[PDB]
């Protein structure tokens, strides 16, 4: 079986539980994850961004299949959402999609949950071990049937024209640790 993902305290990361997802590297690159709109006058729609000032907002992982031990494991497709309320008309779940002002594929909100065909895989992410203590990266490469529209890639930070730290699909990966919220 794939290895369990562990949190910063070495305990298994679990589905249905709030975690902060926080940069493993401190300083300029430090910060957890939150949401923000395009960055100009429009408030909506939202994408996933890095907050440089704090550990960000709580995130919950949801399993695709029934996972009886409730443990999140390496390189298994899963769903991701922020456990917060927002004022845009969309879910708080992550997906890969086009986002205005950003070339390429962005991690946005408005994601779906579960498998129900090709497009639902655009809401599936994998968590893989990275090269720092207790650290992981997000990777997009679903193992469920889908079209070839979105190429497989790691998730990393990209500074947009407003210097908002967007998460996008790209060759390199951002390293994160998981910190149980409570």
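Positions refer to the first chain, counted from 1.
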Legend entry - Mean C-alpha temperature factor, higher of 35 to 43 and 117 to 125: 35 to 43
Inset, instruction - For the C-alpha B-factor as written in the entry, point me to the maximum among 49, 141, 60, 28. - result: 28
Inset, instruction - Determine which member of 93, 88, 76, 107 has the highest CA B-factor, using the values in the deposited entry. - result: 88
Inset, instruction - Relative to the other modelled residues of the same chain, rank the CA B-factor of residue 1 and answer lowest, middle or highest third. - result: highest
Inset, instruction - Comparing against every modelled residue in the chain, figure out the third that the C-alpha B-factor of residue 17 lands in (lowest, middle or highest). - result: middle
Legend entry - Within-chain third of residue 137 by Cα B-factor, per the entry: lowest
Legend entry - CA B-factor ranking of residue 103, expressed as a third of its chain: highest
